[PDB]
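For reference, the chain that follows is the form deposited in one PDB entry, supplied as structure tokens.
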């Protein structure tokens, strides 16, 4: 009912520009300012700038040299453009009405995850993680899948087609080189495995990859 809908790329090449459109419904751009904010693990939340009802703007001076905010009152669009992105501009970007006085239109857009990278689309390797031959047994048994060298995010991982929903930790991806890696662990009865099959199902839609990998015990 009040909505700020964001549209634009989730991937930007180093040195290229990021454009986002914020489509506003539920209040008038000719009465209320719209702000732009980003969130990154390096800097947390950072306010980038604002376009006021009259079209005047304020920018964070650390960005002023490469940032532009404009709008189209008739279409109810606010436009964000930042130039010359570098790896550390990887962040979630938001349009938002904040810093309110009289009104109750304080709402944020759903957020646009922007990754700055020259990486090419690349499917994962899926390596099974089984205990070493030596030794090593006690209840329960923890197994895993290593999902290595993919781009872009995301991948999904389920176990035995989702039967082993419980006892699973699938960890956040980290960057090594210019590609992503993560792992998923699963813990299941020592009596069950290997009498009972355990297979991880990995999906990477961006490469139309679907892989099941059975966890064989090693000898």
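Here, rigid core means the biggest group of C-alpha atoms that superpose within 1.5 Å across both forms. Numbering follows the first chain given and starts at 1.
Averaged over their C-alpha atoms, the temperature factors of 98 to 106 and 136 to 144 are higher for 136 to 144. Relative to its counterpart among 3 to 11 and 209 to 217, 209 to 217 has the higher mean temperature factor, C-alpha atoms as listed in the PDB entry. Highest CA B-factor among 160, 39, 56, 28, as stated in the entry: 160. In this structure the maximum Cα B-factor among 68, 181, 187, 60 is found at 187.
In the PDB entry, residue 35 places in the lowest third of its chain by CA B-factor.
Among the modelled residues of its chain, residue 167 has a C-alpha B-factor that falls in the highest third according to the deposited record. Placement of the Cα temperature factor of residue 16 within the chain: middle third of the modelled residues, per the deposited record. In the deposited entry, the Cα temperature factor of residue 131 sits in the top third of values across the chain's modelled residues. Placement of the Cα temperature factor of residue 194 within the chain: highest third of the modelled residues, per the deposited record.
The following text describes the form deposited in another entry, which does not appear among the structures shown.
When the rigid core is held fixed, the Cα atom of residue 24 travels less than 2 angstroms between the shown form and the other one. After superposition on the rigid core, the Cα of residue 145 moves by 2 Å or more between the shown form and the other one.
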